[PDB]
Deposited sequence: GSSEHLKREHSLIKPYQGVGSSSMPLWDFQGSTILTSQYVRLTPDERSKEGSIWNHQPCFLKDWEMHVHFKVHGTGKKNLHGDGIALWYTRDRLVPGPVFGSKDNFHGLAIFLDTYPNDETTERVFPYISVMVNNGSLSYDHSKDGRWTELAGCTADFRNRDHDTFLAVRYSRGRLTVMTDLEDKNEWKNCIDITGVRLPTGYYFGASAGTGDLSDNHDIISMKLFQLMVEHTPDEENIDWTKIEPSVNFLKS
């Protein structure tokens, strides 16, 4: 296998009911059960996260997340969503799906609720953001101003398992979904020129406001990609290069 166990969360969770080294720190509203990590309960005004206990120095990787978002809210009344992170800092709660704003690195947002009254998107909506510390995620507008790419995605209250994959290698960032019980990865996002350093932390977070949902992480499995390279990679500033019009 090219599984990197130390950057993964897999049942039975390491160090849970044992003297073993835990591989994750659990923060905020997060609660830990034998069959899932629940970042937030279906309760209002919650912020919870899980952060890999050590930084990841892989240059080429692919993270598979088995998650579940589910709740009893009537009509459209649920929120806020989950964020997956590969960032400089860790463990700090905030308004960005339970984690700090003005972050450094990569976010993948699984946004369940249209905060934006004049949105032109259909929700839930998965998108990516790359940040150098300067940008704020505008939650009130579902991050309209800072979205690199995204896709609509039906992932709440499904009768079968839902998964997400995030692959990063040689500047190419690909997000794929498996939401329709097809045992297939469907493309959501595929962009190039994404610059990220090594030495950042994997984490996941969720938040709730006046609207809520259960936001569960079942597993996160990080794979090392065997990719050739021919620079101090820890000093790369998070950024994106853009093909000219």
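Absence of C-alpha coordinates is noted for several segments of the deposited sequence, namely 1 to 3, 234 to 238.
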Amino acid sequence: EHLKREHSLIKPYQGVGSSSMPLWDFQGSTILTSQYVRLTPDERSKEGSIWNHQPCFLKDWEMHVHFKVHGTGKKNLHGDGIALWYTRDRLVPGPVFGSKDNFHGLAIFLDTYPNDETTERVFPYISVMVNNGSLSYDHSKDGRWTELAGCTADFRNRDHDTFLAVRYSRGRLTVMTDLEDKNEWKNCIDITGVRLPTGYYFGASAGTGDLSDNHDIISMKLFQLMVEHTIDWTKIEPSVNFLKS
From here on, numbers count along this sequence of modelled residues.
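Here the rigid core means the biggest group of C-alpha atoms that line up within 1.5 Å when the two forms are laid on top of each other.
Superposing the other copies on the rigid core and comparing 112 to 120 to 167 to 175, farther C-alpha placement in 4 other deposited structures of this protein marks 112 to 120.
Looking at mean Cα B-factors across 220 to 228 and 11 to 19, the upper value is held by 11 to 19.
Comparing 116 to 124 with 138 to 146, the stretch with the higher mean C-alpha B-factor in the PDB entry is 116 to 124. Highest CA B-factor among the listed residues (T174, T72, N131, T162): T72. Per the deposited coordinates, the residue with the largest Cα temperature factor out of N214, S29, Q54, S205 is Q54. Per the PDB record, residue ranking by Cα B-factor puts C151 in the middle third of the chain. Per the PDB record, residue ranking by Cα B-factor puts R158 in the highest third of the chain. The PDB entry assigns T40 a C-alpha temperature factor belonging to the middle third of its chain's modelled residues. Ranked by Cα temperature factor within the chain, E47 sits in the middle third according to the deposited record. Sort the modelled residues of the chain by CA B factor and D181 lands in the highest third.
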